[PDB]
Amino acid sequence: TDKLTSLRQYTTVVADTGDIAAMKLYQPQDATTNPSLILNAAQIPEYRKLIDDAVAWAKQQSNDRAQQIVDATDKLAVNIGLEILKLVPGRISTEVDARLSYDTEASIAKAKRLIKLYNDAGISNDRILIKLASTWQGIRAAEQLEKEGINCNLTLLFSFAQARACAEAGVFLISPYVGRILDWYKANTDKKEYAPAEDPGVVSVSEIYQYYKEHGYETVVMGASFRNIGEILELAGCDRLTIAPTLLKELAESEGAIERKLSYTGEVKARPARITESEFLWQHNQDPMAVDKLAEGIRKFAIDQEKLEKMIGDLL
């Protein structure tokens, strides 16, 4: 009779954390990590063994400091994923170095590298999503990766242009953001408080969901980034939702059955011509929130990557 159980009737619940304790507690279907969560998880004293294993593995691959830093940081992200895969039945999402976000070729190469590490550790591609920021270059990377049997999670998705381009690329899953949209609207408009159905992040995911189902797209819609439980409840029915442990706790502690809020009913429509790069860039840049937040999210994940490299470099 708790809201977490009630939500699971309608939506596949995913845990947004690198902490295996959350996997044991909430028993989610999938888990998501990102570079900030990898850096946070690396602070868990109990994860020191995973760091040491990554460093030891890196030193067996080469005798070069620069490559050891890359190898150990990549292997740490994979090692955390491997621990999570022992505790969930579904996917792990592991994000590529955000510094590659505007480089399609380098992103494809990094995705293949991470897939190789997982495969060599005995994990098949059907358990992995490689996460890429949904810039044009990331979307193009993902389209190629899918053609080669690597499933992707297209993240930092803010504008309708991003949503459309991801669907047209046939990516496995999108992670459209909710809470960071609320943040932007509180900072940049005169409306400082929002009821759940008014929340602009909730509106964004709801509109994306409608567009996807109305055109028969099979890309999984997974809402991500949450500030409060109200946002999550308003999206009950979303294919998946990835939720941080603090809000999983709030759902589990809240009594009362909930209703499905997000559904599609209608006549499925023909698809348009694919959006071109120029049209995509025009339309993405019409959305000042998305302009700001996509670029910002990439910068922040890049800073976390640099912090991971410093941590690793100090151990070599």
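The numbering used is simple: start at 1 and walk along the sequence shown.
- The stretch with the higher mean CA B factor, choosing between 185 to 193 and 104 to 112, is 185 to 193.
- When the C-alpha B-factors of 23 to 31 and 280 to 288 are averaged, 23 to 31 comes out higher.
- Sort the modelled residues of the chain by CA B factor and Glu214 lands in the middle third.
- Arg140: CA B factor in the lowest third of modelled residues in this chain (values from the PDB entry).
- In the deposited entry, the Cα temperature factor of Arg164 sits in the bottom third of values across the chain's modelled residues.
- Among the modelled residues of its chain, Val96 has a C-alpha B-factor that falls in the middle third, as given in the PDB entry.
- For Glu198, the recorded CA B-factor ranks within the highest third of the chain. Only modelled residues enter the ranking.
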